[PDB]
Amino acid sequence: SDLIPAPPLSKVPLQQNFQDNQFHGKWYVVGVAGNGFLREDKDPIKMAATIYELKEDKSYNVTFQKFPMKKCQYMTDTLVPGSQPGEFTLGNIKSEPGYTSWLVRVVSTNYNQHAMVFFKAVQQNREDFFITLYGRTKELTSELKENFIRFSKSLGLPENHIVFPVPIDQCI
């Protein structure tokens, strides 16, 4: 299509010894890169924080601001553990107009500062993928943001498909 193809999974690193208990909580969206994310300097965006909640069954609740981030509205999905720690499927629980599931792979995190997470659509004829740069604070370092840009570019994403929203706590 118009879109840059998704990488094979083997090109997406997996965070080693992923600790679900240490990943839970609030994560600001500090960066988002994907074939369907488009930097428009004329239309900057702000994004509310994502909440990852670990449950008894080791799945998460995930509460996140909805795409394409025009009116701030939260949504909640289930993050079902996959083939191993760090990996999940994010499923739309009800069949609705815009519908796909995503494979979710935590690429790297140190739990208390940053995380980088890869999302790939499991729908047959969808190249759709994106990478989220999360921070525990609204601000991350230049080195951490350049590492996210380089990772994103290594999967073929142009720099104008890499967006840095203004992180906020809540919808307004």
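The first residue of the sequence shown is number 1, and the count goes up from there.
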| Per the entry, higher mean C-alpha B factor between 143 to 151 and 121 to 129 | 121 to 129
| field | 102 to 110 set against 39 to 47, stretch whose average Cα temperature factor tops the other in the entry | value | 39 to 47
| said: Lowest, middle or highest third: which one holds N61 when the chain's residues are ordered by CA B-factor from the entry? | reply: middle
| query | Of the three thirds of its chain by CA temperature factor, lowest, middle or highest, which one includes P165? | reply | lowest
| CA B-factor ranking of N17, expressed as a third of its chain | middle
